[PDB]
Protein chains: 2
Amino acid sequence: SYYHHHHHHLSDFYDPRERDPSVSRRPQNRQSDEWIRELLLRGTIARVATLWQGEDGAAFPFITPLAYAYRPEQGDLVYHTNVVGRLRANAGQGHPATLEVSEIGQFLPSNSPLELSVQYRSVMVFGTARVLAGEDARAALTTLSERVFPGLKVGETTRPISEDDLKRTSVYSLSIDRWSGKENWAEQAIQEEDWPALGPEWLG
Amino acid sequence: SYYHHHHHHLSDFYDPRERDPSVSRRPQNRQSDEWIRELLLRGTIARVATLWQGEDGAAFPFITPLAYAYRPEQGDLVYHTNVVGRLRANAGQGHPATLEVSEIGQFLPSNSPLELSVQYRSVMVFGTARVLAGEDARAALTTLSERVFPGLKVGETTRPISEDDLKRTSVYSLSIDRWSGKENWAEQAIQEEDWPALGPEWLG
Ligand SMILES: Cc1ncc([N+](=O)[O-])n1CCO
Ligand SMILES: Cc1ncc([N+](=O)[O-])n1CCO
């Protein structure tokens with residue numbers, strides 16, 4: 001900055017910058033519903049958090065990484081998991097569930113300590129998960145499998161999904177209520193001009 | 001299998017297999033506390049789930065991916081995040097938190113549909129997170145930064161962490177109560193011998 005330069009020789013914020021008019025004007029890095037849909041469609045791993053009763057009787061969350069598929073027409077995401085707790089902290093046949101899908105890029109170095117960061121694209125989904133049965137379960141497991149293994153066809157590449165398979169597997173539809181989408185994918189973190197610049201080890 | 005071979009020409013479970021005596025005998029793919037510690041030490045991204053009050057008054061979980069560091073002597077993990085809800089579904093100055101760290105490898109194809117899987121190593125941590133202040137916060141942010149950017153030194157590579165930095169940042173210590181560790185990192189999924197084997201596109 002001038003003040004520092006001049007001090008050596010003896011704000012930023014409101015001053016000119018380039019802006020691409022095509023960029024999102026939404027606060028807090030937020031993204032469009034179309035962007036969220038496309039991120040969900042290309043992802044294959046998610047974390048799901050649901051609530052279980054703990055030892056003190058209080059609800060607490062599990063976090064389970066698992067394969068998933070977004071089914072846009074049905075308005076859900078499907079996954080299977082045999083991970084359970086004792087009792088769900090939940091009244092009813094479905095349970096509230098949060099699901100997260102992200103694309104995490106590179107860590108971004110800076111000579112400014114609070115500008116250290118990582119590239120990310122991230123979706124949070126809020127809804128109700130329910131266990132599927134029978135041909136509902138078989139269809140969801142098929143969509144899932146054929147999604148995460150492109151080119152695989154259940155019944156051809158693999159034997160068909162049998163009744164025994166289904167008895168041994170808990171398959172869920174997370175029916176979507178709300179979602180959120182956030183991206184910060186800069187190529188370089190904000191740097192501090194008035195401190196020695198990072199060397200080529202860092203940015204090269 | 002014989003039965004199928006013979007049927008064409010016209011159990012597995014209890015029969016001989018190789019076992020490495022060095023392998024974990026724990027059920028459900030579980031791992032030692034030493035293994036959990038080492039996984040936590042090499043990781044740099046975690047998800048944290050904490051509970052917020054929702055619209056119907058019920059608690060529900062957020063899932064936040066963030067940079068983290070395990071501090072074994074202190075018995076905690078530290079991270080910063082400005083993500084908040086309305087009110088935490090929580091009595092007190094700390095809040096219950098679950099933290100997840102995983103290494104996710106390749107998706108593993110099979111001609112058996114319920115053997116489709118993905119390689120993973122995964123830790124679940126259960127504890128109480130509390131906001132840090134002052135030199136506690138500065139030290140934790142330094143450990144974090146110098147962990148996720150090896151070779152970076154706060155105060156040298158970057159300007160020091162200032163009081164303004166600290167006012168703008170919520171830095172947490174998740175004090176560990178319990179943890180869990182799980183691994184399934186096979187090189188190949190279990191296949192079904194009595195269905196056409198996968199072609200070289202899949203396993204080659
Ligand atoms: C710990 C874990 N990481 C990935 C998975 N997975 O894909 O089933 N798992 C299994 C349990 O959710
Ligand atoms: C959505 C997201 N993905 C990664 C991050 N991050 O590293 O801060 N974030 C930011 C908020 O947690």
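Out of all the residues in the stretch B:105-124, which are more than 8 Å from chain A (Cβ to nearest Cβ) and in contact with a helix residue (DSSP H, G or I) (Cβ under 9 Å, 6 or more places away or on another chain)? If the condition is that a residue be more than 8 Å from chain A (Cβ to nearest Cβ) and in contact with a helix residue (DSSP H, G or I) (Cβ under 9 Å, 6 or more places away or on another chain), then B:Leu108, B:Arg121, B:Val123 are the ones that fit.
In this structure, does A:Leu99 turn out to be within 16 Å of ligand 1 (Cβ to nearest atom), within 25 Å of the chain's Cα centre (by Cα) and within 12 Å of another protein chain (Cβ to nearest Cβ)?
The answer is yes for A:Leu99.
Any idea how many residues of the stretch B:65-87 are part of a strand (DSSP E or B) and either farther than 30 Å from A:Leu108 by Cβ or within 8 Å of another protein chain (Cβ to nearest Cβ) (or both)? The total comes to 2. Please specify each residue of the stretch A:115-143 satisfying the condition of being closer than 30 Å to A:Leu203 by Cα and buried (at least 21 other Cβ atoms within 10 Å of the Cβ). A:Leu116, A:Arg121, A:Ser122, A:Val123, listed by residue number.
Looking at (1) away from ligand 2 (no atom under 16 Å from the Cβ); (2) of a type in the set (A, V, I, L, M); (3) in a strand (DSSP E or B), which is the one condition that is false for B:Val101? Here B:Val101 clears every test but (1).
Going through (1) closer than 30 Å to A:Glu193 by Cα; (2) within 16 Å of ligand 1 (Cβ to nearest atom) one by one, A:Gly105 falls short only on (2). Of everything in the stretch A:53-89 that is polar (S, T, N, Q) and surrounded by 15 or more Cβ atoms within 10 Å (Cβ to Cβ), the residue that is farthest from B:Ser102 (Cα to Cα) is A:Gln53. Residues in the stretch A:180-204 that are touching a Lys or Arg at 6+ places or on another chain (Cβ under 9 Å), within 30 Å of A:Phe126 (Cα to Cα) and not charged (D, E, K, R): A:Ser180, A:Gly181, A:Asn184, A:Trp185.
For A:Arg178, the stated conditions do not hold, so it cannot be described as of a type in the set (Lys, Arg) and closer than 30 Å to B:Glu201 by Cα. Summed over the stretch B:52-70, residues that are in contact with a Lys or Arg (Cβ under 7 Å, 6 or more places away or on another chain) and within 13 Å of ligand 2 (Cβ to nearest atom) total 3. Can you find a residue that is within 16 Å of ligand 2 (Cβ to nearest atom) and either under 20 Å from A:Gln106 (Cα atoms) or out of contact with any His (no Cβ under 7 Å at 6 or more places or on another chain) (or both) anywhere in the stretch B:107-126? No: the stretch B:107-126 contains no residue that is within 16 Å of ligand 2 (Cβ to nearest atom) and either under 20 Å from A:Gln106 (Cα atoms) or out of contact with any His (no Cβ under 7 Å at 6 or more places or on another chain) (or both). For the stretch B:1-23, the tally of residues that are over 18 Å from B:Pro196 (Cβ atoms) and part of a loop (DSSP other than H, G, I, E, B) stands at 11.
Taken together, the values in this text are just the output of simple stated rules run on the coordinates, not laboratory data. Methodologically, a virtual Cβ is constructed for each residue, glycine included, from the backbone with ideal geometry; neighbour enumeration extends over all protein chains shown.
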